[PDB]
């Protein structure tokens, strides 16, 4: 019951972005510029509908470089994936969690069935474990 690599995610809907800089409590490991993407099924869930199985959210994390009062995207550090499967992933709330180092399909990171990822997202039980909100 592994989470699939989300092929083609870069074509998906861009939900939002945030920058985490040194000093912030999530600097390790989430420091950098990140972008959140969602496929069609996740949008139904984000819109205030419910999440169909098959919904996928991606957190795409880049290192940044400071260039004359601009922050410029550098190398991809990793992508984080949540894949909705109420029955397959019922142990962590109906979402499977995986990380891919540098976004590579062969660099799977999660060793504990996603319990560590879930421990934090569990704080968002109310929104079905998703922190991101749709915007305009």
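For the two forms, the rigid core is made up of the largest set of C-alpha atoms that agree within 1.5 Å on superposition. Residue numbers count along the first chain shown, from 1.
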More shifted region, core-based fit in 4 other deposited structures of this protein, 22-30 vs 93-101 by CA: 22-30
Mean temperature factor over C-alpha atoms, higher-scoring stretch between 24-32 and 60-68: 24-32
4-12 set against 126-134, stretch whose average Cα temperature factor tops the other in the entry: 126-134
C-alpha B-factor winner, where the candidates are 55, 78, 109, 91: 91
Highest-ranked of 48, 96, 74, 99 once sorted by CA temperature factor in the record: 48
For residue 86, the third of its chain into which the C-alpha B factor falls: highest
Third assignment of residue 117 from its chain's C-alpha B-factors: middle
